[PDB]
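Colleague: Pasting an experimental structure with its sequence.
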Amino acid sequence: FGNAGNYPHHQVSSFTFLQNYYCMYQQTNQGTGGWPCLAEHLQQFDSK
Amino acid sequence: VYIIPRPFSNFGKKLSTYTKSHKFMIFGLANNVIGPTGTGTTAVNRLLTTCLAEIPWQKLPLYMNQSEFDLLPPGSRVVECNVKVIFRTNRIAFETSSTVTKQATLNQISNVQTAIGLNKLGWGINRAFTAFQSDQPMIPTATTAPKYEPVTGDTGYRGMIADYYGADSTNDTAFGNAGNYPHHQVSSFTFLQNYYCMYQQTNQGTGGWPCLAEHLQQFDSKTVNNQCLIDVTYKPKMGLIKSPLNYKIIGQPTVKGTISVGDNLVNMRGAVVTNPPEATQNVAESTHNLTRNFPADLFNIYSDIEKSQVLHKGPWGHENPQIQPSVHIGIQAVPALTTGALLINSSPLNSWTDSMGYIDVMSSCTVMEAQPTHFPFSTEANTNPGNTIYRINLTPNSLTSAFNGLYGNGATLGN
């Protein structure tokens, strides 16, 4: 509420971020072979 | 009647396919002020340079990675393999600096240029990776052995393979906040580390710079933009890419009565051949050829990492007692360098605006094979001399494509 505190955003159009991005896990020795291929599981367009 | 039906062992043929979307980047290397002899060995010679970046559609890794290669059965041969590229776009700098010279501009005039056969077929050499210049830094300076495999003066740079695929779940040098990334596997741009140029020395032979311009096409980039300008393919004349199949020694008389000599009067040609042009001259050349014929069967590869080994081996792998010739075509994509707006006083043209092109390239190939066996207790895959395959060995490199033709590749190492 406040000049400056936690805003109704949605209720009054506001941008807000998508606070999570995604990634892949993998360790070292208890199992191993390389980074699989994301590229063949998500499509890419020329944005514009 | 009643025929008792014979046996049969039909060994099937594995036939795979591979693809990969590489995102390559080129720079508009300023029509490369020719660099004199890259080596203190050929010292008096030079390289007229182009920005024509080289797409390695001949080095196995452009198509498949470690494993896929790794797992190919013996006798595995690449059937055909293709590349198509799209001028996804190019980017040119914006001088803020006013500095120098180079007047700042929102203008932009750039132009793509592609070319095919030149490489192999014409009069040039792929000599790249380089060593170069400060602002108005697109012309370059140190020639160098073209890099496909990884290079190192103990520190190392490169790894085509690893550039596209990253390291091993354990390998240190990569994996890391900051070390050798899976790129391909997770879309990344990477550069086309080789550009192409032409060699030529001074006095033992002479007449001027031939005309590249009439051996590569040029488009107004923006026009050709986001449209694919490459798509040529090669069906290697002989692409046995894994150690061949061993013919087994279990027939009968003399052919295993003993391991002696079993030779015979055939009256048909059966050995690989050789041209040795005797260039000798006194003000423009005088040549002489001498066909040399030679042997056959020892192996094809070893280090296993000889995936970074060449593709079409038409000049050395004679399959069975016979013969043949030919070279994998070659292919280049790029943008002629954007000239600085060097006002008034430029009456030399030598100021060059940094510009980088993002070319989108997809590579694919087939390679396939069988795993037959004709002997009941024979261990390995096995065939017969009927084909067995045969290599032809030599002291130095066999056809070292990293140094210009005479159509086939001379077998000696340049620069």
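Modeller: Sure, I can see it. Residues are numbered from 1 along each chain as shown, chains lettered A, B, ... in the order given.
Colleague: make it CA atoms for all contacts and neighbour counts henceforth
Modeller: Noted.
Colleague: Report the contact partners of residue A:27.
Modeller: Contacts for residue A:27 (C-alpha atoms under 8 Å, 6 or more residues apart in numbering or on different chains) come out as residue B:169.
Colleague: got the residues of chain A near chain B?
Modeller: Proximity of chain A to chain B, by C-alpha under 8 Å from any C-alpha of the partner chain, involves residues A:26, A:27, A:28, A:29, A:32, A:33, A:34, A:35, A:36, A:37, A:38, A:39.
Colleague: if you skip the residues just before and after it, what's nearest to the first one?
Modeller: Meaning residue A:26. In this structure, residue A:26 finds its nearest non-sequential neighbour in residue B:169, 7.8 Å apart by C-alpha to C-alpha, 6 or more residues apart in numbering or on different chains.
Colleague: So what does that neighbour have for phi and psi?
Modeller: Taking degrees, to the nearest 10, you get phi -50, psi -20 for the backbone angles of residue B:169.
Colleague: Tell me the residue of chain A that sits nearest chain B?
Modeller: The nearest approach of chain A to chain B comes at residue A:37, 4.4 Å away (C-alpha to the nearest C-alpha).
Colleague: contacting residues for that residue?
Modeller: By C-alpha under 8 Å, 6+ apart, residue A:37 lies in contact with B:184, B:185, B:186.
Colleague: got the residues you listed as CSV, with secondary structure columns?
Modeller: Output for the contacts of residue A:37, formatted as CSV (DSSP: H, G, I helix; E, B strand; the rest coil):
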residue, secondary structure
B:184, helix
B:185, helix
B:186, helix
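Colleague: closest to chain A among those?
Modeller: If you rank these by distance to chain A using C-alpha to the nearest C-alpha, residue B:185 comes first, at 4.4 Å.
Colleague: Could you identify the most distant pair in the residues of chain A next to chain B?
Modeller: Greatest spatial distance among the residues of chain A next to chain B (C-alpha to C-alpha): A:29 and A:39, at 24.9 Å.
Colleague: So between these two, which is more surrounded?
Modeller: Applying other C-alpha atoms under 10 Å in any protein chain shown to residue A:29 and residue A:39 shows that residue A:39 carries more neighbours, namely 16 against 9.
Colleague: mind listing what the more buried one touches?
Modeller: B:184, B:185, B:186, B:187.
Colleague: hmm, 10 Å instead?
Modeller: Applying C-alpha atoms under 10 Å, 6 or more residues apart in numbering or on different chains to residue A:39 gives the contacts B:20, B:21, B:183, B:184, B:185, B:186, B:187, B:188.
Colleague: Just the element for the first one, please.
Modeller: Using DSSP states H and E, residue B:20 maps to strand B:18-27.
Colleague: Please name the strands paired to that strand in the sheet, noting orientation.
Modeller: strand B:189-191 (parallel), strand B:355-365 (antiparallel) (DSSP bridges).
Colleague: ok now the next helix or strand after it, how far from the chain's centre?
Modeller: Moving toward the C-terminus from strand B:18-27, the next helix or strand (DSSP H and E) is strand B:35-36. Distance of strand B:35-36 from its chain centroid, counting by C-alpha atoms, centre = their mean, to the nearest Å, is 23 Å.
Colleague: tell me the angle whichever helix or strand comes after strand B:35-36 makes with strand B:18-27.
Modeller: Where DSSP H and E defines the elements, the next helix or strand beyond strand B:35-36 is strand B:45-54. Strand B:45-54 runs at 130 degrees relative to strand B:18-27, counting by axes from the mean of the first three to the mean of the last three C-alpha atoms, to 10 degrees.
Colleague: next helix or strand past strand B:45-54?
Modeller: Following strand B:45-54 in sequence order, the next helix or strand is helix B:66-70 (DSSP H and E).
Colleague: Report the central residue of chain A.
Modeller: residue A:21 (1.8 Å; C-alpha atoms, centre = their mean).
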